[PDB]
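J.: Just passing along the structure, written as C-alpha cells.
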There are 2 protein chains.
Amino acid sequence: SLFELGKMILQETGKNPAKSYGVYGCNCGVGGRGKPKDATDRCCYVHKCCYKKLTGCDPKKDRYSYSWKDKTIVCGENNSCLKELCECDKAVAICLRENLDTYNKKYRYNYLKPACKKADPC
Amino acid sequence: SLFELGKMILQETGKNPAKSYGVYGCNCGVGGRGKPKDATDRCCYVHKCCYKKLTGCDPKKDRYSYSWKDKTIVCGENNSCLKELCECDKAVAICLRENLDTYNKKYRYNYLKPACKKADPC
Ligand SMILES: CCCCCC(=O)O
C-alpha cells in the first residue's frame with residue numbers, strides 16, 4: 001500500500017516521501033503518467049508501469065510484509081501479487097535514491113501534470 | 001476533477017493544496033475517512049461524505065466548469081452530478097479556508113492514516 005511505499009522511500013532516500021515525491025514532475029504522485037521531466041521523474045514512470053502489470057491485489061490499498069535487513073529492503077513472500085507489488089515499490093525507492101544527485105525542486109510542486117505531454121505506452 | 005479541486009483550494013486559502021492538504025490528518029487527500037484530528041481534518045471528512053451522495057460521475061477524473069466571480073467560486077451549469085461534485089469541492093475549499101486559524105503543521109506531511117480510528121458512517 002501507500003504506507004509501505006512511503007516507508008521504503010524514506011528508508012532509501014532519507015527524505016520525507018510526501019514532501020519530495022508527492023507531485024514531482026509528470027509521473028511522481030497522484031494521477032497517471034506523462035513524458036518524464038528528468039531521471040527522478042522517470043523512476044516514477046517505471047513505477048506506474050510496474051503497477052499496470054499487477055493483478056490480484058490493489059497497489060494503493062493493500063498492505064504487504066517487508067523487512068529492513070542490513071539496510072536492504074527485503075520483500076516478504078506474501079503472495080504473487082503482493083510480492084510483485086512489494087518489488088515495484090522497492091525498485092522505485094532504490095531508483096529515487098540513486099537519482100537524488102539530479103533531483104530538482106523546480107519539479108516538486110505541482111499544478112503541472114494535466115498539461116504534461118502524453119506518455120508512451122508502458 | 002482533481003484539477004478543479006486543487007485550484008479552488010488555492011483560490012480560497014492562498015496555499016499550495018497538495019503541499020498543505022495532500023496527507024493532512026485522517027481525512028485530507030489520499031485514502032478514505034477516519035476520526036478527524038481537528039477542524040481542517042473535519043472539512044475533508046465532510047468532503048468525502050459529500051462525494052458519496054454522487055451518482056453518475058467520477059470525482060477524481062471528471063472535469064467540470066466553474067468560475068471566479070467577485071472572489072467567489074461559482075459552479076457552472078453542468079449536469080446534475082457534475083453540479084453536485086462542483087459544490088462538494090467548493091464547500092471543502094471554503095471550509096479549509098475558514099479553518100486556517102487552527103491549521104497545524106504537525107499534521108501536514110505526516111502519513112498517519114493507517115493508524116487513524118475508524119470513521120463513523122456519513
Ligand atoms: C487536492 C489535494 C488536497 C486534497 C484535500 C482533500 O480535499 O482531501
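Residue numbers start at 1 in each chain; chains themselves are named A, B, ... in the order of the C-alpha cells; ligands are numbered from 1 in the order shown.
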Per residue of chain B within 12 Å of chain A, which atom pair is closest and at what distance in Å (one decimal), using only C-alpha atoms, listed by chain and increasing number, as a tab-separated table?
T.:
```
residue	atom	partner	partner_atom	distance
B:1	CA	A:114	CA	10.8
B:2	CA	A:31	CA	8.9
B:3	CA	A:111	CA	7.8
B:4	CA	A:111	CA	10.6
B:5	CA	A:111	CA	11.4
B:6	CA	A:111	CA	8.2
B:7	CA	A:111	CA	8.5
B:10	CA	A:111	CA	10.4
B:15	CA	A:109	CA	11.9
B:16	CA	A:109	CA	8.3
B:17	CA	A:110	CA	8.9
B:18	CA	A:110	CA	7.4
B:19	CA	A:19	CA	7.1
B:20	CA	A:19	CA	9.9
B:21	CA	A:18	CA	10.6
B:22	CA	A:18	CA	7.8
B:23	CA	A:18	CA	7.5
B:24	CA	A:18	CA	10.5
B:29	CA	A:30	CA	9.9
B:30	CA	A:30	CA	8.6
B:31	CA	A:61	CA	8.0
B:32	CA	A:61	CA	10.0
B:60	CA	A:31	CA	9.1
B:61	CA	A:31	CA	9.0
B:63	CA	A:114	CA	11.3
B:108	CA	A:18	CA	9.4
B:109	CA	A:18	CA	6.1
B:110	CA	A:18	CA	8.2
B:111	CA	A:3	CA	7.5
B:112	CA	A:3	CA	8.8
B:113	CA	A:3	CA	8.4
B:114	CA	A:3	CA	7.4
B:115	CA	A:3	CA	10.5
```
J.: Which residues are close to residue B:80, i.e. within 12 Å by only C-alpha atoms, leaving aside same-chain residues fewer than 5 positions away? Reply as a PyMOL selection string.
T.: chain B and resi 53-57+64+75+85-87
J.: Please produce a file of the residues just selected, as a tab-separated table (two decimals), in the first residue's frame, where the atoms kept are C-alpha atoms.
T.:
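Output below, filename again_14.tsv:
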```tsv
chain	number	residue	atom	x	y	z
B	53	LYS	CA	-24.03	11.18	-2.49
B	54	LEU	CA	-22.79	11.47	-6.08
B	55	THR	CA	-24.49	9.38	-8.73
B	56	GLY	CA	-23.11	9.17	-12.27
B	57	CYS	CA	-19.76	10.97	-12.31
B	64	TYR	CA	-16.40	20.46	-14.67
B	75	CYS	CA	-20.15	26.40	-10.18
B	85	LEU	CA	-19.48	17.47	-7.49
B	86	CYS	CA	-18.50	21.09	-8.08
B	87	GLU	CA	-20.42	22.14	-4.97
```
J.: Using only C-alpha atoms and all ligand atoms for the distances, tell me which of B:47, B:105, B:69, B:97 is nearest to ligand 1.
T.: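 The answer is B:47, which sits nearest to ligand 1.
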J.: DSSP on the backbone: what in chain B comes out helix (DSSP H, G or I), as a VMD selection string?
T.: chain B and resid 2 to 13 17 to 21 39 to 52 80 to 98 100 to 102 105 to 107 113 to 115
J.: Using the selection just defined, write its residues with C-alpha atoms as a tab-separated table (two decimals), in the first residue's frame.
T.:
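File written: part.tsv
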```
chain	number	residue	atom	x	y	z
B	2	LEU	CA	-8.64	16.87	-9.02
B	3	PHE	CA	-7.50	19.90	-11.02
B	4	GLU	CA	-10.61	21.97	-10.27
B	5	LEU	CA	-10.48	20.94	-6.61
B	6	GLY	CA	-6.83	21.93	-6.28
B	7	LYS	CA	-7.44	25.27	-7.99
B	8	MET	CA	-10.38	26.02	-5.67
B	9	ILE	CA	-8.32	25.30	-2.56
B	10	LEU	CA	-5.54	27.54	-3.87
B	11	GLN	CA	-8.01	30.33	-4.67
B	12	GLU	CA	-9.67	30.21	-1.25
B	13	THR	CA	-6.71	29.51	1.05
B	17	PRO	CA	-3.14	22.48	-2.00
B	18	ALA	CA	-1.10	19.28	-2.41
B	19	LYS	CA	1.56	20.62	-0.03
B	20	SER	CA	-0.83	21.64	2.75
B	21	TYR	CA	-3.55	19.00	2.43
B	39	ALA	CA	-11.35	21.30	12.17
B	40	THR	CA	-9.28	21.24	8.98
B	41	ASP	CA	-9.40	17.45	9.03
B	42	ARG	CA	-13.17	17.60	9.54
B	43	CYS	CA	-13.54	19.65	6.34
B	44	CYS	CA	-12.02	16.77	4.40
B	45	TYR	CA	-14.18	14.31	6.33
B	46	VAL	CA	-17.31	16.18	5.22
B	47	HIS	CA	-15.89	16.43	1.70
B	48	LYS	CA	-15.51	12.67	1.30
B	49	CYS	CA	-19.01	12.14	2.70
B	50	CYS	CA	-20.25	14.68	0.15
B	51	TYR	CA	-18.69	12.56	-2.60
B	52	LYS	CA	-20.74	9.53	-1.53
B	80	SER	CA	-26.79	17.18	-12.07
B	81	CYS	CA	-23.88	15.05	-10.82
B	82	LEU	CA	-21.16	17.44	-12.02
B	83	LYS	CA	-23.02	20.30	-10.36
B	84	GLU	CA	-23.14	18.42	-7.04
B	85	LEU	CA	-19.48	17.47	-7.49
B	86	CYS	CA	-18.50	21.09	-8.08
B	87	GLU	CA	-20.42	22.14	-4.97
B	88	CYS	CA	-18.71	19.43	-2.91
B	89	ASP	CA	-15.32	20.80	-3.97
B	90	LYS	CA	-16.40	24.41	-3.41
B	91	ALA	CA	-17.53	23.55	0.12
B	92	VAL	CA	-14.27	21.92	1.18
B	93	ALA	CA	-12.19	24.77	-0.27
B	94	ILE	CA	-14.27	27.26	1.71
B	95	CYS	CA	-14.08	25.07	4.84
B	96	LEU	CA	-10.29	24.72	4.64
B	97	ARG	CA	-10.02	28.50	4.25
B	98	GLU	CA	-12.31	29.09	7.24
B	100	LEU	CA	-6.71	28.16	8.51
B	101	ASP	CA	-6.54	29.65	12.01
B	102	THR	CA	-6.18	26.19	13.56
B	105	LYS	CA	1.80	21.87	10.55
B	106	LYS	CA	2.41	18.78	12.68
B	107	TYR	CA	-0.46	17.10	10.81
B	113	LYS	CA	-3.68	7.34	8.05
B	114	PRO	CA	-3.19	3.62	8.75
B	115	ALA	CA	-3.27	4.45	12.48
```
J.: Any idea what the distance is between atom CA of residue B:25 and atom CA of residue A:25?
T.: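 These two atoms are separated by 24.8 Å.
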